[PDB]
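> Sharing a structure below in structure tokens format, with a few things to ask.
Here the Cβ is made from the backbone with ideal geometry for all residues, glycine too, and neighbour counts use every protein chain on show. Each reported figure results from applying straightforward, stated rules to the coordinates on display, with no laboratory input.
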Amino acid sequence: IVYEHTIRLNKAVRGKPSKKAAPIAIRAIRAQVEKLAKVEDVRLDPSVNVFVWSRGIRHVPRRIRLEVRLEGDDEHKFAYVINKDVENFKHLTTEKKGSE
Amino acid sequence: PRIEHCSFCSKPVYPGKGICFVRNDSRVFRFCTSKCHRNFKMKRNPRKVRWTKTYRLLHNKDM
Amino acid sequence: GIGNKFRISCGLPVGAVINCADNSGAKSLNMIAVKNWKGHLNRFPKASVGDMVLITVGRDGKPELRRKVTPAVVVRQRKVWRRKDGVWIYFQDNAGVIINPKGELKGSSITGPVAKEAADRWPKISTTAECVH
Amino acid sequence: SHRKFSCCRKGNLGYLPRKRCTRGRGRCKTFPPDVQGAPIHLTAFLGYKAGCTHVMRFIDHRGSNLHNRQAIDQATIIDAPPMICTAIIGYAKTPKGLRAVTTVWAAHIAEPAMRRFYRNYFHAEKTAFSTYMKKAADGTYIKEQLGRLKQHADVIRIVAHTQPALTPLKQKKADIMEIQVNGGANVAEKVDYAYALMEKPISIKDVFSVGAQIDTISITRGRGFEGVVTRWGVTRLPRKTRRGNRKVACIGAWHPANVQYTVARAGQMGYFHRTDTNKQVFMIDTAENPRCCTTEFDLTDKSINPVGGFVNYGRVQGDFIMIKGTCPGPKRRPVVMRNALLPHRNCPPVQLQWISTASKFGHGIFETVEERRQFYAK
RNA sequence: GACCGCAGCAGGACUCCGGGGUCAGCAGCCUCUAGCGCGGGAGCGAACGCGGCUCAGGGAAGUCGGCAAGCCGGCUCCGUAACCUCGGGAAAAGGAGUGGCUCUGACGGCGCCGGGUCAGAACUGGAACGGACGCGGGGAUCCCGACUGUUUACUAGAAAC
RNA sequence: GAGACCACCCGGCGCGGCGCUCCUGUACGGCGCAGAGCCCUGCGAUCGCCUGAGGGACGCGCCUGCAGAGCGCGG
């Protein structure tokens, strides 16, 4: 079961100090993916961390498209999240594809 | 009911909104927003500012 | 002054030097105080358009007027004030016209636009002013 | 020594203790006096603050500068979806104080009121009123108990619940409010009137009129823990003060040794239950009428809903009460509105000539969405 | 980075060698090389405090006192007073310009080849241009001490020495 | 809508879309018969058109997507 979802980093770094924005975005992506996959363990590919940190600590990209693959099951169920580049986030919405 | 026009903007001002400035040249200039007001008070040309009905009338878009 | 005034934002506190609209030969009037002001502790007396202010003519003014506390009326103010009709109005410069304690003006002419609140309060200001705005 | 200069104390000590309000919503407390023999009438209603508009009215105050002149004035629209009567409560005048004889509840209680009785309805037992419904449902229990109220009760009130589904609120459960039946020729007439509205909706338009003065009771916006300068209006000290300038410098003399209640101190600055009084009802109309906010000068459809909707509220569908000026509380807050205890005797009659329907979100230069389409053309 | 201060202490402690851009600059601000993330981390975004930012109208009315803040400032070209020990004052005071593009002259350089400054010009642009950075507010006096210097390490930098 | 922590008021939340509206001021790009000039067959700050555009949203309505109410703990 693979989920393709957008997360608005600008909304998740809101209310927090701008210096603590890129690490705060990483923590937010991890929590959001937990409430999408319904898992407890989230691994993020370094590609996600290169995208989030692309514009520096203060400015995070406005939106991230992420591919969550629920690799791991049988009492482990980790989630592997990869960045999927998209020209624009137009009518993009969560797309749960496939089954275990 | 009665409506006025941003003197700089040329966009209509509904009653109760906007400010009026009376100049030493004895002309009241009714301004719809604090934008209309600061554009005028910085000598910004009405034409050159695209949203104003004056620059649209020069480009013929309005007329 | 005639009638009941309506509270309008009082732009000029004491110390406010205001330009002189009348041709009496004063150029800038220094506001010593506001007529009719019972004030709280620490509150500088403040005056709006249509309020009589004791002023002193500055060094630039003709000597005869200078060195006497004299009454005046604020006729224009930079501070935006709301009329009870929702018109927020402001003027390019704060100004005053020197008037006797009775109501008569020391200067024959009032220069530039004059506010309605001053014009209603003082009949002589209304007749003299070319424009009431 | 003497204080050396004359200044008033900062703040009203009547409004102490300045604590968060512990009542669930603003509560009516005193209801207007009975004046027995008046046209039988209900005294109060619960509504939710929807927003503010600004209206242009013709003023007829005689001997005023604004006589025969047009005045733009602020207005507060309170959404008032119809409340439904659910109970009849009678209170005897006892030497202890008003004492409730009994509450005779309705044969059927609606799900919105019933959801108030439980903390989480989905997981709840659903046991409330279970036996009562069986005891009633013949009408004998409701009528025999109602008769007891006629014999002993001196004050009759009616319990009523708001319909939160007709509001853009997220409440789901319905506020229960007691509204006093007043001005009856006799208490039995009050009970008969009270039974006529039982299980039936009551509208703001029935309870109040245009030009009447009402007093709005609500909980104020909260500002959290706040210091003496914001909470009590004390003067900020000179910049050179060490340990800060935002403070009351002297909290008292050596004697009284203890600090006094009168001295200003830091603490909660909001969510206080306050009654505002004597506010004129400018309009009482329903949003289902499309020209409710259109006058003879408007010549456009214009309904109450602003272009872009009510900021921090919703669609104000159904009945609403527009009142002059302001009411305590933020948008969405329940406000109980009551007939004025002491109305201002000399108040100008209401003659609205234009009501702004422009966008409150941002600055709106269009009173209708259709006008926006015409201005922006393509 | 191990010395000395009770210590793996915002304190001291002598040198040597010193790239690029902007710049008059070894200034400020960014960077290559090289080094490298300091008695910890998470939340939350109350009062209040510390370090800043902005403020309508007024403009010292505040205060022992403009303390603090702010104005001012680079460069070019005008223009500049009383007084004076004739050296000063003086950056007195006070004006005007400043960006980007497209050029045009100068100047040594000739087998014409090599400079990056000084002028001048058009055309531009929400009525911008020392656009960050760096970077005097000014004037009228009066009292002392001529001056540059020195001083009470750890409360007096002064008119004292 | 409430808050230092708590408490409060609410509860199948929320997420991220789509409309509406508002903010800002006409996007990148393409094209040109604009452009002071230059020297070579190109360069050129800008300008005009597409374009009240593009971008943004914490406000309002909606769901075309995932979702969302403990077999927790007390009693």
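> Is the shape of the protein assembly as shown rounded, prolate or oblate, going by the alpha carbon gyration tensor and its root eigenvalues a ≥ b ≥ c, with a/c under 1.5 for rounded and a/b larger than b/c for prolate? List each step's numbers first, then the result.
Working: a/c = 1.73, a/b = 1.24, b/c = 1.40.
In terms of gyration-tensor shape, oblate.
> In segment A:1-63, which GluC sites (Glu not before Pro) are in a loop and have at most 14 other Cβ atoms within 10 Å, using DSSP for the loop call?
A:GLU40
> Considering amide H positions built from the backbone, and no H for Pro or chain starts, which residues 5 or more places from C:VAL34, or on another chain, come under 5 Å of its amide H?
Those lying under 5 Å, H to H, from C:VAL34 are C:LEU54.
> Of the residues D:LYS93, D:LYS205, D:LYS173, which exhibits the maximal mean-square fluctuation in a Gaussian network model of chain D defined by a 10 Å Cα contact cut-off?
Result for chain D, Cα springs under 10 Å: D:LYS93 fluctuates most.
> Separate question: Compare the Cα positions of D:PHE129, D:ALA174, C:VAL87 along the charge dipole of the protein assembly as shown (+1 at Cβ of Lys, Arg; -1 at Cβ of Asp, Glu; about the Cα centre) and return the one farthest towards the positive end.
C:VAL87
> Rounded to the nearest 500, what is the 222 nm mean residue ellipticity of chain D from helices alone, with -39500 (n - 2.57) per DSSP H run of 4+ residues and division by all residues?
The per-residue figure over chain D is -3500 deg cm²/dmol.
> Also, I was wondering about something else. Could you give the nm distance between label points at D:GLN260 and D:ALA165, where each point is 7 Å from its Cα heading toward the beta carbon?
According to this spin-label approximation, the distance is 5.8 nm.
> About the Cα centre of chain B, how large is the charge dipole given +1 on each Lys and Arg Cβ and -1 on each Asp and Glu Cβ? Please answer in debye to the nearest 20. Walk me through the intermediate numbers first.
Values: 17 positive and 3 negative charges, 56 e Å.
Value, rounded to 20: 280 debye.
> Still on this structure: Specify whether the C-alpha gyration tensor of chain C places it in the rounded, prolate or oblate class, a ≥ b ≥ c being the square roots of the eigenvalues: rounded for a/c under 1.5, otherwise prolate if a/b is larger than b/c and oblate if not.
Here chain C falls in the oblate category.
> Follow-up. Which shape class applies to chain D: rounded if a/c is under 1.5, otherwise prolate when a/b exceeds b/c and oblate if not, where a ≥ b ≥ c are the square roots of the Cα gyration tensor eigenvalues?
Verdict is oblate for chain D.
> Just want the ordering: D:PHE5, D:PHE31, D:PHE117, from fewest to most Cβ atoms lying within 10 Å of their own Cβ.
Working: D:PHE5 7, D:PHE31 19, D:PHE117 15.
In increasing order of surrounding Cβ atoms, one gets D:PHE5, D:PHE117, D:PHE31.
> With +1 on the Cβ of every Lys and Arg and -1 on the Cβ of every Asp and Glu, and nothing else charged, how large is the dipole of chain D about its Cα centre, in debye rounded to the nearest 20?
Numbers: 60 positive and 27 negative charges, 610 e Å.
It works out to roughly 2940 debye.
> Further question on the same structure: To make sure I understand, if each residue's beta carbon is the centre and we count other beta carbons within 10 Å, what order do D:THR53, D:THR102, C:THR127 fall in, fewest to most?
C:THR127, D:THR102, D:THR53
> Next up: If you plug each phi of segment D:83-98 into the Karplus form 6.51 cos²θ - 1.76 cosθ + 1.60 with θ = phi - 60°, what whole-Hz ³J(HN,Hα) values come out, in order, with x for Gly and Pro?
7, 10, 5, 10, 7, 10, 10, x, 10, 6, 7, 10, x, 7, x, 3
> Suppose every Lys and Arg Cβ carries +1 and every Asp and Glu Cβ carries -1, with no other charges. What dipole size does segment D:47-115 come out with about its Cα centre, to the nearest 20 debye?
In debye, rounded to 20, segment D:47-115 gives about 360.
> Suppose we keep just the DSSP beta bridges with both residues in the protein assembly as shown; what percent of those would be antiparallel, to 5?
On the way: 104 of 116 bridges.
Once the DSSP bridges in the protein assembly as shown are tallied, antiparallel ones form about 90 percent.
> Looking at C:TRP122, C:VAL132, C:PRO71, which one has the Cα that reaches farthest to the positive end of the dipole of segment C:64-133 (charges on Cβ: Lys, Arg +1; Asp, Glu -1)?
Positive-end residue among those listed: C:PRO71.
> Sticking with this one: Counting other beta carbons within 10 Å of each residue's own, what order do B:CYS20, D:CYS8 fall into, fewest first?
Working: B:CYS20 19, D:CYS8 7.
With the sparsest Cβ surroundings first, the list reads D:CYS8, B:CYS20.
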